[PDB]
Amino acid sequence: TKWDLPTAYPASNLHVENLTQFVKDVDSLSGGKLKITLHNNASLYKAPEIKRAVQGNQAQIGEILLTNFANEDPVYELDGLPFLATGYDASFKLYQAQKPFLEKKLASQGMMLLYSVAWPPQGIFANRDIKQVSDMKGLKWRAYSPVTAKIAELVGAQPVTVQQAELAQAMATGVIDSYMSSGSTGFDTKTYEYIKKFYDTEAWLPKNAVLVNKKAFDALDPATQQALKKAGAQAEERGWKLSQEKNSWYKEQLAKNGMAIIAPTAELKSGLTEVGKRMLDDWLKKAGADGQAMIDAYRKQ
């Protein structure tokens, strides 16, 4: 059996490095009965397209950024809310709280959640001095999701969505001067050529998820199914591992390259916390009882 797996990120990206090992694990564990071809850097499907591609079984498996789908259902927005889970442990616990509801929602559309891994803690790339939220008014902001567009609007920035595959170009032509993302993305797009500061706000840790079409899964023999699930579990473990481990490497490498890595003032964090509380209120209202259940489970961990 041959499957195709689109990802929106380049070969050098930590999630794709992990996906590369994952496809090798599926081959090895399934004894070669399942071969997955990776289509990287949005070459086959682009970020906004991948969930629909797997839903229709155009690709049997695919990697998405959960928060790209925040407008479709509140469950997708959760790991993009600022100042709710601001480290790897809190992020993993938020994930565990979210997971049953993510799986339920995906199941309603004929998909399975294979594994999910957090991007590194999100900071602000800017050329400006930002000591408080007001210092962000009027920023030419690059969003990578609906939620990150909302955050921009809430700080008075002016966002435009640009996928990572188009980010280097958007910076090089000056359409955007600032954004929130990881040291990972900053490094991989050589953001240091155009933008000189990264405020290490660790505001959230958004996850990617590898989704599988249920019908495609069901067509496989039991051993091959189990090989895929085991490869999936190994991928989750390794992905969280590599995400956290490389985070310090990217920050120090960005510094090597002339970027100022700056811890946020208490004032900047408090202002963004206020934005976060507003967004969580809004989210609870959209999400209803399921939102409350998720937040309760997260707060119990």
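The first residue of the shown sequence is 1; numbering continues from there.
Of 170-178 and 99-107, the one with larger mean CA B-factor: Comparing averages over the C-alpha atoms only gives 170-178.
Higher-B stretch (mean Cα B-factor, as the entry records it), 73-81 or 219-227: The deposited B-factors put 219-227 ahead on the C-alpha mean.
Just to confirm, going by the entry's C-alpha B-factors, which of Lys93, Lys197, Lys207, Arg142 comes out highest? When the deposited C-alpha B-factors of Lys93, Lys197, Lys207, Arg142 are compared, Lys197 is largest.
Checking the record values for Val26, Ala53, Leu272, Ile64, which has the greatest CA B factor? Most elevated C-alpha B-factor of the set, per the entry: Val26.
Report the third (lowest, middle or highest) to which the CA temperature factor of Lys46 belongs, ranking only the modelled residues of the same chain. Lowest third - that is where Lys46 ends up once the chain's C-alpha B-factors are sorted.
Third of the chain, ranked by Cα B-factor, where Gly31 sits: As the PDB entry reports it, the C-alpha B-factor of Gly31 lands in the highest third of its chain.
Of the three thirds of its chain by CA temperature factor, lowest, middle or highest, which one includes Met112? As the PDB entry reports it, the C-alpha B-factor of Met112 lands in the middle third of its chain.
Going by the recorded CA B-factors, say which third of the chain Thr161 sits in, lowest, middle or highest. Middle third - that is where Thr161 ends up once the chain's C-alpha B-factors are sorted.
When the modelled residues of the chain are sorted by Cα temperature factor, does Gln244 land in the lowest, middle or highest third? Bottom third by C-alpha B-factor.
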